[PDB]
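J.: For the record, the sequence lines run as chains CN, CQ, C6, CC and CS.
Residues 1 to 122 in the deposited numbering are what the first sequence spells out, letter by letter.
Residues 2 to 118 in the deposited numbering are what the second sequence spells out, letter by letter.
Residues 2 to 60 in the deposited numbering are what the third sequence spells out, letter by letter.
Residues 1 to 204 in the deposited numbering are what the fourth sequence spells out, letter by letter.
Residues 1 to 137 in the deposited numbering are what the fifth sequence spells out, letter by letter.
Ideal placement from N, C-alpha and C gives every residue a C-beta, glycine not left out.
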Amino acid sequence: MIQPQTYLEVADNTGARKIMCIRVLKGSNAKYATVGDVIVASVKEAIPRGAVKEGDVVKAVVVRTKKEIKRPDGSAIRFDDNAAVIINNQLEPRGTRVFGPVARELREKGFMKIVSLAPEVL
Amino acid sequence: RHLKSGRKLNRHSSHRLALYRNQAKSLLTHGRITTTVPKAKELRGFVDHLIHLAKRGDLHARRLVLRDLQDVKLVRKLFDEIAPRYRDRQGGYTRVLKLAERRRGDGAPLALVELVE
Amino acid sequence: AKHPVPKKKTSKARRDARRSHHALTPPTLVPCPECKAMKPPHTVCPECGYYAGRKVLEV
Amino acid sequence: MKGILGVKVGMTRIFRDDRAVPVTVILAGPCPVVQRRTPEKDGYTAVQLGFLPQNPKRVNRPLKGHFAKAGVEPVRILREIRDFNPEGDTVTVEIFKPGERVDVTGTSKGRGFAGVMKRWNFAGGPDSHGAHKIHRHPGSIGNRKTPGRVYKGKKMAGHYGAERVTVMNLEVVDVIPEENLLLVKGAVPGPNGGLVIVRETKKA
Amino acid sequence: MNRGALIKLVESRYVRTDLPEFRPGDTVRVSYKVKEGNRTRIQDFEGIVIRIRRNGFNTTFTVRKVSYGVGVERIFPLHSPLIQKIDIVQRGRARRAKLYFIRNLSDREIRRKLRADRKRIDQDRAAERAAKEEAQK
RNA sequence: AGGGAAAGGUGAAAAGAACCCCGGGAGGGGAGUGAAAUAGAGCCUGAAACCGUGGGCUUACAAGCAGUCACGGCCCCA
RNA sequence: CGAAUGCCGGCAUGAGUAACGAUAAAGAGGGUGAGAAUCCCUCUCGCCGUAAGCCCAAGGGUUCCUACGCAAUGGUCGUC
RNA sequence: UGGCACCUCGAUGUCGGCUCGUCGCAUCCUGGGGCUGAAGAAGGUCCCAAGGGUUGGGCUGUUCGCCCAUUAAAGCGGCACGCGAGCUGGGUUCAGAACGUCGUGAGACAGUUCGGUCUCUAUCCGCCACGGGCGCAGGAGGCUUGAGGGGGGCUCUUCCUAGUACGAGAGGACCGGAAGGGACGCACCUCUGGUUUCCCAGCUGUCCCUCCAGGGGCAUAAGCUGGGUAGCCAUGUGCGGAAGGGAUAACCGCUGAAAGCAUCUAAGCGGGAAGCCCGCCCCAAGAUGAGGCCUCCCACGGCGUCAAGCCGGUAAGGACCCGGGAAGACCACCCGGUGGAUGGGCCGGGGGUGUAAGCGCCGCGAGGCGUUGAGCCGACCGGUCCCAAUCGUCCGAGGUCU
Ligand SMILES: [Mg+2]
């Protein structure tokens, strides 16, 4: 469960390596974020050149968590880390790639391109 | 809401354990014992079970009892002389009965614990 | 000696009124069968005793 | 108003269509109507059933065989069902069909003398920095000279639980007529082996 | 009334009795997966089994993969949309019930800690006994 | 260095209660001394606060600086 | 004398209320006695061990040992 | 912010924060409405309306403010600038020290700087909970009626009606219908996930039982480590605000004179809000106005200012003592007491650990193999009279009247 101050790994080549939740973009007072939810972040380390730079204030979508998610079918799924992918205000990846698996909950939330670009959907 | 559960307890683990072990060593040594009701009503099952292990009599059950009682001498008596006297009995190897009158000391109501026959 | 303290002497009347419920209870007793005596029920008692059980003296 | 008496047995979950539904199993055994309330002599309209039948004849004054179906007044007694007047001859489960909606009364588990911040979910005070003797306390309970007293109803600590509680609008998942069974959509008040009554809901 | 239990055991009329008998060894298997306005397509999850937790019906188990960079854990009800369930290597030789222990120092060191259970292998081979006797019996 | 309390009284005469009874004792109950023993021993007289037992009147839909004025009921010598 | 947060003494209220002075820890069976959770004996259990063991100096002044005792002193009981 | 100095100097704790709230409306959102320099969408402005809501961080002791990122909105005030016998003590404000600065000096500065003792026991009122006594004009065992209280009342986005009314287009509705969210409320333990103080294993030091093997204590009040049923729980599950009926606020009308016209009004009649009343959930006849329905038990037996104001046995019933409880501080409440499965044991199943000990075989040895999913096993679902609820005792009408 992701919240303000949580460090996420980034699974795309926008150049940035790690970001940090600033706010979660559900209602007026939403407590936490999970897969398929949209956050604001700031960047905290980057790889040299690339569109995105340390210090930059960005948008992201959550694609993996460490707290298992519960399927309505009555099964569940959990990953070794908390990762995300960097989005533009018109909601597309600004990457041309994504590394490591992703949760199918994305597909129910409309994050199609990410899903098709992904190397695996669990 | 503590207690929706059971197994009653005063003192702390290491001590409480040892109490039952000593009280038992007493019953098996003396056939009848006298204490407070609650101490008695607990000692009940802890002792029944040692009796029942001595019925099946196998080296294992021997070594199993040596853990709580600790005298080799005493355990022989347990297997050899006490166990037989039951054998056909299915449980209830022990009785609790309440005397009249307390210690003029602390007002504590007493009882006695008989090995049954 | 410290913070909270009584404002007024409690009056004789209100003293005793507290004590309406302090009254005592007589112990509950039955006649010892198999011997002439009183004893509290569910008890072994030493003028007498039981049957398939222990008691005082027999010579 | 459809309405049986019954008892919580326990819960688990089943599958449906293609997903797990949580369910809680009620035993709403056969409920022999023993008295009808008329508006002509009682003033109100209702029916008095009975439940757990079993009784080794300890029945004295309320022997009241007086209504034919006196077949041993139940251990778990008898409750009225307000405006409900059937074909007077026992009520089994058949009244409720799967997919119907029900309200369910019950007796919540008992927490006893409960602290505020359970009884009422208060914040209490900090586990560290300043004080140490008020981690779980309520803090303030008033103002000063005006009004110079505490409000009737103030939330403070006290007895919590063991109370009448109706949870509204549960789904009837299933009904085993065979065993006098009733399946509902999870979460019904009190412990196992507790009396509950089960009615129609009020929905839309 | 009396069996608050056996009543519940009665509603459990959805039990399964066909799926391979396995424990903290090395299964692998299939699924259900919806999308695309269809309910169809089976997906396979191959991995080490970390935990089995028993409770009559509704007992569950969980399986551990490394997908690409990342490791993964999945949790299964042991009942319903699991078509097949065949298993890779009944090795295990686990010395304990839960072995989450592996997550932290999982690599090639896993392998020396989880060798093959020759014993339980030797009786999956020897459980071959298919009565070969057709037009022969 | 120095500071510095509390605490008097049986009876004319000990005649200071032999002996018996309940109690481990302490106490009591009979008996006996004395004009008197609620003069029995930190005992003359023994006031007040304070604590008991017994008896008459009185109170569980009321509300008060606790009293006063007026009727009315009950209880005791007219 | 009714008042001086007056002085001396006596008895009330709070009240059967807070407390009973290290969280090293107890159990049973025999004695003795008018009376025993609290004394004596035995068997289990726990705590200290550069000590919670042993030997001197200071200070204390019979607390040492024994026989008879239990009103009081002992934070309960007490035959100790 | 001040003026005045009336109670308080044999004491009325003083800024800011936290905890817990409650009330005002002069309304920040959401609900009705009138104008508009209202095409639509989006505003402006005033009227009715608190029922509920009114985010998270950076700086500073801060109140306040500025700033980051969001929101339907990030409302203004009162309650001793609410709340220190409820907590804090960063700020002004005791004693130490220094800088600037004024003073010959001792010393001084809401100027700066670093430091600096916040009290176990609630008598009355009040509040949250729980019992005892009497009453309810016969004495009982049950089931109810609801006078009158309390709880709850929020809100967004996307799809469809349609990119159609409107349109200088460059955008975009009313009315009506669906689907997901956010917080908050009651209850629950199937699932997910915690705890699980001795339920099961593994390990080190040391002392011991008995030399090997096997075990016990101590290393916490669990030595350490790896797991972990029941219960209790939130990060987990299910439900909830509502439909609906009646009366209204601003406001919009019908019919209609005074006043031959016109007017919502002066006689009458209709519409009309997240608001009012009732409806939903909970408490409730000490509602001394003590209610109602079903069923039971009835005899004067012996004496006064003759129906208890009488004592002693009854009746239907009820206590006492006992075995227990997802009930519980005590009490109360519920269930049982041999005509019995209430607790304990014992037997089966669930559940947890994860192949006991002993023997045999392989290795010089540490060890390894088989026997074996073995051995041990709290709470959960049940069975079975082996142990224990033995035997008994005490209350309790005999019911004045038109
Ligand atoms: Mg100054």
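Can you tell me where the beta strand (DSSP E) with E45 (chain CN) in it begins and where it stops?
T.: Where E45 (chain CN) is concerned, the enclosing beta strand (DSSP E) stretches over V38 to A46.
J.: How far does the beta strand (DSSP E) with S27 (chain CQ) in it reach, from first residue to last?
T.: Premise fails: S27 (chain CQ) lies in the alpha helix (DSSP H), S14 to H31, not in any beta strand (DSSP E).
J.: Residues of the region 75-106 of chain CQ in Cβ contact with chain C6 at a cutoff of 7 Å, in chain order, please.
T.: Cβ contacts with chain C6 come from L98, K99, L100 and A101.
J.: Using the Cβ count rule (16 or more neighbours within 10 Å means buried), how would you classify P93 (chain CN)?
T.: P93 (chain CN) comes out buried.
J.: Among the residues of its own chain, which have a CB less than 7 Å from the CB of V57 (chain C6), if the five just before and after it don't count?
T.: Only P47 and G50 meet the Cβ criterion.
J.: Cα separation between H79 (chain CS) and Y32 (chain CN)?
T.: Roughly 32 Å separates the two Cα atoms.
J.: Just to make sure I have the definition right: I need the residues of chain CC whose C-beta is within less than 9 Å of the C-beta of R17 (chain CQ). Which are they?
T.: By Cβ distance, chain CC contributes nothing, its closest Cβ being about 25 Å from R17 (chain CQ), past 9 Å.
J.: Between which two residues does the alpha helix (DSSP H) containing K132 (chain CS) stretch?
T.: Here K132 (chain CS) belongs to no alpha helix (DSSP H), and DSSP marks it neither H nor E.
J.: Inspect the beta-carbon positions of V43 (chain CN) and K59 (chain CN) and report whether they are closer than 8 Å.
T.: Result no, Cβ atoms of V43 (chain CN) and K59 (chain CN) do not sit closer than 8 Å.
J.: Name the residue from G93 (chain CQ), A41 (chain CQ), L100 (chain CQ) and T35 (chain CQ) whose alpha carbon lies nearest to the alpha carbon of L10 (chain CQ).
T.: Nearest of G93 (chain CQ), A41 (chain CQ), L100 (chain CQ) and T35 (chain CQ) to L10 (chain CQ), Cα basis: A41 (chain CQ).
J.: Who are the neighbours of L122 (chain CN) on chain CS, taking C-beta pairs under 9 Å?
T.: Result: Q43, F45, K65, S67, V72 and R74.
J.: Would you mind giving the Cβ-Cβ distance between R23 (chain CS) and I52 (chain CS), rounded to the nearest angstrom? I have them listed as a contact below 8 Å.
T.: With a Cβ gap of about 6 Å, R23 (chain CS) and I52 (chain CS) count as contacting.
J.: Which residue comes first and which comes last in the alpha helix (DSSP H) that contains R125 (chain CS)?
T.: It spans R118 to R125 - the alpha helix (DSSP H) in which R125 (chain CS) sits, taken as one unbroken run.
J.: Would you say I47 (chain CN) touches ligand 2, meaning its beta carbon is less than 7 Å from a heavy atom?
T.: The model on display carries ligand 1 but not ligand 2.
J.: Provide the residue span of the alpha helix (DSSP H) that contains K78 (chain CQ), from first to last.
T.: Residues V73 to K78.
J.: Grouping DSSP H, G and I as helix and E and B as strand, with all else coil, what is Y94 (chain CQ)?
T.: Three-state DSSP puts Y94 (chain CQ) in coil, outside helix and strand.
J.: Once DSSP output is grouped into helix, strand and coil, what is the label at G161 (chain CC)?
T.: Strand.
J.: Counting along the chain, where does the alpha helix (DSSP H) carrying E109 (chain CS) start and finish?
T.: That run of the alpha helix (DSSP H) goes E109 to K113.
J.: Which of helix, strand or coil does DSSP assign to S67 (chain CS)?
T.: Strand.
J.: Please state whether DSSP places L181 (chain CC) in a helix, a strand or coil.
T.: Strand.
J.: I'd like to know if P72 (chain CN) contacts chain CC, where contact means its C-beta is closer than 8 Å to some C-beta of that chain.
T.: Yes, because at least one Cβ of chain CC sits closer than 8 Å to the Cβ of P72 (chain CN).
J.: Could you tell me the distance, in whole angstroms, from the CA atom of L67 (chain CQ) to the CA atom of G46 (chain CQ)?
T.: Near 17 Å, if we compare the C-alpha coordinates of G46 (chain CQ) and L67 (chain CQ).
J.: When you compare each of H16 (chain CQ), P110 (chain CQ), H3 (chain CQ) and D89 (chain CQ) to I52 (chain CQ) by their alpha carbons, which one comes out closest?
T.: Nearest C-alpha to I52 (chain CQ): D89 (chain CQ).
J.: Can you tell me which of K66 (chain CN), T96 (chain CN), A30 (chain CN) and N88 (chain CN) puts its alpha carbon nearest to the alpha carbon of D80 (chain CN)?
T.: Closest option to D80 (chain CN), Cα to Cα, is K66 (chain CN).
J.: Can you find the residues in the same chain that come closer than 6 Å, C-beta to C-beta, to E171 (chain CC), ignoring five residues on each side of it along the sequence?
T.: Answer for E171 (chain CC): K185, listed in chain order.
J.: At a CB distance below 9 Å, what residues from the region 74-96 of chain CC approach chain CS? Give them in sequence order.
T.: Answer set for the region 74-96 of chain CC: empty.
J.: State buried or exposed for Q84 (chain CS), treating a residue as buried only when at least 16 other CB atoms are found within 10 Å of its CB.
T.: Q84 (chain CS) comes out exposed.
J.: Here's the rule I'm using: 16 or more other beta-carbon atoms within 10 Å means buried, otherwise exposed. How should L105 (chain CS) be labelled?
T.: Exposed, since its Cβ has fewer than 16 Cβ neighbours within 10 Å.
J.: So which residues on chain CQ does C36 (chain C6) lean against when the C-beta distance must stay under 7 Å?
T.: Within chain CQ, no residue comes near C36 (chain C6); the closest Cβ sits about 13 Å away, beyond 7 Å.
J.: Given a threshold of 16 other Cβ atoms within 10 Å of its Cβ, counted over all protein chains shown, does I75 (chain CS) qualify as buried or as exposed?
T.: Per the 10 Å Cβ criterion, buried.
J.: To which residues of the same chain is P32 (chain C6) closer than 7 Å at the C-beta, ignoring the five residues directly before and after it?
T.: Taken in chain order, the residues that qualify are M39.
J.: What number of angstroms, rounded off, separates the C-alpha of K2 (chain CC) from the C-alpha of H129 (chain CC)?
T.: Answer to the nearest angstrom: the Cα atoms are 59 Å apart.
J.: Tell me whether the beta-carbon of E80 (chain CC) lies closer than 8 Å to the beta-carbon of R37 (chain CC).
T.: Yes; because the gap between Cβ atoms is below 8 Å, this pair is in contact.
J.: Roughly how many angstroms separate the alpha carbons of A5 (chain CS) and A76 (chain CN), rounded to a whole number?
T.: Taking the straight line from one Cα to the other gives about 28 Å.
J.: Between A19 (chain CQ) and the rest of its own chain, which residues show a CB-CB distance below 7 Å, the 5 nearest in sequence each way excluded?
T.: Counting only Cβ-Cβ distances below 7 Å, and skipping sequence neighbours, we find nothing.
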